[PDB]
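Undergrad: this block holds the first chain(s) of the complex, placed as they are in the complex; more will follow:
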Amino acid sequence: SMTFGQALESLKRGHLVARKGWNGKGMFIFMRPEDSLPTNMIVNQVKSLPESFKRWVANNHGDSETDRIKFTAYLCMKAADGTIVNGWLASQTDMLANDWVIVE
Amino acid sequence: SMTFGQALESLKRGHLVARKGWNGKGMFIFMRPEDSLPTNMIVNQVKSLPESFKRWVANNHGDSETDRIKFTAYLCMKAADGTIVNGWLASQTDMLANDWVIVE
Amino acid sequence: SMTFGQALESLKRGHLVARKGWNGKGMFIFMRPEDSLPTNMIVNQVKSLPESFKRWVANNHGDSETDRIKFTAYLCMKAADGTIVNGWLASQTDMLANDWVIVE
């Protein structure tokens, strides 16, 4: 069994982790990596951003081929139902628990 | 000024919102949309997923051209420093505040 | 059939609320009220604070100044197991869902 801090260090190394308290169900959390993207690609290609954000980027960067915007790493959950919940957050219980385990 | 609930309804409609308490700084939050992705593309194309997740998908879906996995909508923050924080979360203060405003 | 924003407005008015899927486990959330306490009370009376915090207050707030410290309102959950989780937080799913209901 691990603390949440050990779970986090495992997540940073690319592993899948879970809490025993979740009682299996095929649930686990994982980390999606950071990347820095060109603003022109943000404006002209990226599907998964709302138009208001893309318009803001376009207004402040124009046609720049060199400007970039950093998208941070973040945690996600593969839920029991199979869906990926982007932006998983840790409850007080999760943060203080010592029942974390490695899934992969 | 708006409650967090009004801010959320604005976010669902694609707007950028902020709290006055943040004191400007060009900060705002926004919603990234939901999508359902083919598992073959998850395995063979998606860059922004860790290899452990991609290997799990490959082992359970193989070469399927029809299986899909849903990635939920989520909130993000465009921070003062210009970075996009994926998976923004609301503090108790944020949830209970009535100083939310529309940015765009 | 209530958004999270409407659930929050109901919580601010003292109700117990839940998402429909929680019914089987009987979970709900509620809001604990704000209060402002005098520094002497914090240092010498309040049991539910760690010694380091009481000590910080004593040394960074003379109780000779007449100062009070505000303890903010916050959300809590009555869990399936019957425990009270202080400091409940909303997942992306919870924030964007429209299946909230009033329990009382």
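TA: Noted; the coordinates are in hand. Residues are numbered from 1 along each chain as shown, chains lettered A, B, ... in the order given.
Undergrad: need the residues of chain A near chain B, please.
TA: Residues of chain A that fall close to chain B, judged by CB under 8 Å from any CB of the partner chain: A:14-16, A:30-33, A:35, A:47-53, A:55-56, A:69-76, A:78, A:82-89, A:104. Every C-beta, even on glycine, is put in place using the N, C-alpha and C of the backbone.
Undergrad: narrow those to those in strands?
TA: If you go by DSSP state E, the residues of chain A next to chain B have A:30-32, A:35, A:69-71, A:74-76, A:78, A:84-86 in strands.
Undergrad: pipe the residues you listed into a markdown table and attach neighbour count per row.
TA: Below are these laid out as a markdown table (neighbours: other CB atoms under 10 Å in any protein chain shown):
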| residue | neighbour count |
| --- | --- |
| A:30 | 23 |
| A:31 | 23 |
| A:32 | 21 |
| A:35 | 13 |
| A:69 | 18 |
| A:70 | 14 |
| A:71 | 21 |
| A:74 | 22 |
| A:75 | 19 |
| A:76 | 24 |
| A:78 | 22 |
| A:84 | 21 |
| A:85 | 23 |
| A:86 | 23 |
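Undergrad: so can I have TSV of the residues you listed showing distance to residue A:5?
TA: Converted to TSV, those look like this (distance: CB to CB, whole Å):
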residue	distance to residue A:5
A:30	17
A:31	14
A:32	20
A:35	25
A:69	30
A:70	25
A:71	25
A:74	18
A:75	14
A:76	19
A:78	21
A:84	24
A:85	22
A:86	23
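Undergrad: for chain C, tell me which of the residues you listed show up nearby.
TA: A:85, A:86.
Undergrad: between the ones in strands among the residues of chain A next to chain B, which sits nearest residue A:4?
TA: Nearest to residue A:4 out of those is residue A:75 (CB to CB; 11.3 Å).
Undergrad: now for the closest one: which residues touch it?
TA: A:11, A:29, A:30, A:31, A:32, A:87, A:88, A:89, B:87 (CB atoms under 8 Å, 6 or more residues apart in numbering or on different chains).
Undergrad: just give me the closest of the residues you listed to residue A:22.
TA: Using CB to CB, the contacts of residue A:75 come closest to residue A:22 at residue A:29, 9.8 Å.
Undergrad: which strand residues bridge the closest one?
TA: Using DSSP bridges, the bridge partners assigned to residue A:29 are residue A:17, residue A:77.
Undergrad: look up how far residue B:1 lies from it.
TA: Spatial separation of residue A:29 from residue B:1 under the definition CB to CB, to the nearest Å is 35 Å.
Undergrad: contact partners for the residue of chain A found nearest chain B?
TA: Across chain A, no residue is closer to chain B than residue A:87, which sits at 2.8 Å (CB to the nearest CB). When contacts are counted by CB under 8 Å, 6+ apart, residue A:87 touches A:74, A:75, A:76, B:74, B:75, B:76, B:86, B:87, B:88, B:89, C:92.
Undergrad: let's see it at 6 Å
TA: Residue A:87 makes contacts with B:74, B:87, C:92, as judged by CB atoms under 6 Å, 6 or more residues apart in numbering or on different chains.
Undergrad: go ahead and add chain D:
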Amino acid sequence: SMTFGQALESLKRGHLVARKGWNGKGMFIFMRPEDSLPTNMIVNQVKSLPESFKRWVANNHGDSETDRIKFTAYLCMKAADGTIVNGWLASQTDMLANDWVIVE
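TA: So, slotting chain D in with the rest:
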């Protein structure tokens, strides 16, 4: 120069911790301890609970049964403005950062 996991272990041992960038504003987080309270006390004594919750306990827990209710440990923040934010939550950035420090 501490991960969030090491910060959590220090919090569990009663310390006040912060991220380095918080120094200018003097913010820190701390853990409030768990306790178990008898139901009669919850219904008839505890001020810092809403009436609906006290009423729920009274009607879903006879105080004739000898039952106690556990109130979990949780994190809090001493904010820049000096207020105590009950139920502090960790952002993705906070969870993945390695700039945590012990304040006391």
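Undergrad: once more on the contacts of residue A:87, this time with chain D?
TA: Contacts for residue A:87 were tallied using CB under 6 Å, 6+ apart; they are B:74, B:87, C:92.
Undergrad: ok, now residue A:78?
TA: Residue A:78 makes contact with A:28, A:84, according to CB under 6 Å, 6+ apart.
Undergrad: the longest helix anywhere in chain A - contacts with which helices or strands?
TA: For chain A, the helix with the greatest residue count under DSSP state H is helix A:51-61. With contacts defined as 3 or more CB pairs under 6 Å, 6 or more residues apart in numbering or on different chains; DSSP states H and E, the packing partners of helix A:51-61 are helix A:39-44.
Undergrad: and residue A:90, how close does it get to chain C?
TA: Using CB to the nearest CB, to the nearest Å, one obtains 8 Å as the distance from residue A:90 to chain C.
Undergrad: count the residues that sit near that residue.
TA: Applying the criterion other CB atoms under 10 Å in any protein chain shown, we find 23 residues in the vicinity of residue A:90.
Undergrad: for the residue sitting nearest the centre point of chain A, list the residues it contacts.
TA: Residue closest to the mean C-alpha point of chain A, counted by CA atoms, centre = their mean, is residue A:74 at 2.8 Å. Each residue near residue A:74 by CB under 6 Å, 6+ apart is listed here: A:32, B:86, B:87, D:92.
Undergrad: pick out the residue of chain A closest to chain D.
TA: For chain A, the nearest residue to chain D under the criterion CB to the nearest CB is residue A:5, separated by 1.6 Å.
Undergrad: list the contacts of that residue.
TA: Each residue near residue A:5 by CB under 6 Å, 6+ apart is listed here: D:5, D:8.
Undergrad: give me the phi and psi for it.
TA: phi -70, psi -40 (degrees, to the nearest 10).
Undergrad: residue A:45 too?
TA: When quoted as degrees, to the nearest 10, the phi and psi of residue A:45 stand at phi -130, psi -40.
Undergrad: picking up where we left off before, tell me what angle the longest helix of chain A forms with strand B:28-32.
TA: Orientation note: helix A:51-61 sits at an angle of 130 degrees relative to strand B:28-32 (axes from the mean of the first three to the mean of the last three CA atoms, to 10 degrees).
Undergrad: ok now helix A:51-61, how far from the chain's centre?
TA: Here helix A:51-61 is found 23 Å from its chain centre; the criterion is CA atoms, centre = their mean, to the nearest Å.
Undergrad: count residues in the vicinity of residue A:89, would you?
TA: A total of 24 residues lie near residue A:89 under the criterion other CB under 10 Å.
Undergrad: make that residue A:66, sorry
TA: The number of residues packed near residue A:66 is 8, by other CB under 10 Å.
Undergrad: so what's it up against?
TA: Taking CB under 6 Å, 6+ apart as the criterion, residue A:66 is in contact with no other residue.
Undergrad: any idea which element it lies in?
TA: Secondary structure from DSSP states H and E places residue A:66 outside every helix and strand.
Undergrad: now it: how far from residue A:54?
TA: Residue A:66 is 18 Å from residue A:54, where distance means CB to CB.
Undergrad: ok, now residue A:73?
TA: When CB to CB is applied, the distance between residue A:73 and residue A:54 equals 22 Å.
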